[PDB]
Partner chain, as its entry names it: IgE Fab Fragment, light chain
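Here's a solo chain for you in structure tokens, the form deposited without the partner chain.
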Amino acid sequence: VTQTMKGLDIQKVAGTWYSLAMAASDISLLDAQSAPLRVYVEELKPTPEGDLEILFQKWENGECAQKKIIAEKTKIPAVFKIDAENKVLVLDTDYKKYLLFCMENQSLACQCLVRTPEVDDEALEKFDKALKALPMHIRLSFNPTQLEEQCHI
């Protein structure tokens, strides 16, 4: 991934988001509800120190779990670390409407986040252009009804 947001202000991505679409390099990363990168973003909480707390939902052991992770800042404003060593990259955002991001170790999953439970064609067009560059083999998108449900059921 060689697309990062120039001039990202991480404080301005705070608040409510919706995983409108997801894509990944390998089908098994997104195919089942319990697939390991099938994660439904709920909220972004950037720290004063410029780390990024992420609230999301994930299907585990036949139910919709609440999850929290902290993505630690790097010297690049648009790149963050989750290690156990995995990177979060912010590709593009207008803060008000949409945010595109990828998670990578090579394995890769990207999402189109939106602020509201609505299908944003413009945001989906920007997400498809960013994926043109990448070796994706699965792509999912959700309707407004699913966006208001736990784990997009």
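Residue numbers count along the first chain shown, from 1.
- According to the entry, the deposited sequence places 1 to 3 unmodelled residues between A84 and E85.
- Per the record, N105 and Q106 are separated by a gap of 4 to 9 residues from the deposited sequence that were not modelled.
- Between 57-65 and 108-116, it is 57-65 that carries the larger average Cα temperature factor according to the deposited entry.
- Averaged over their C-alpha atoms, the temperature factors of 90-98 and 66-74 are higher for 66-74.
- Taking the deposited Cα B-factors for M136, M22, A133, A14, the highest one is held by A133.
- Remark: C151 belongs to the middle third of its chain, ranked by C-alpha B-factor as recorded.
- Ranked by Cα temperature factor within the chain, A123 sits in the middle third according to the deposited record.
If you look for the form solved in complex with the partner chain, you will not find it shown, but the lines that follow are about it.
- None of the heavy atoms of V90 is located within 4.5 Å of the partner chain in the bound PDB entry.
- Using a 4.5 angstroms threshold between heavy atoms, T4 stays clear of the partner chain in the bound PDB entry.
- Proximity of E43 to the partner chain in the bound PDB entry falls within the 4.5 Å heavy atom cutoff.
- Using a 4.5 Å cutoff between non-hydrogen atoms, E63 counts as a contact of the partner chain in the bound PDB entry.
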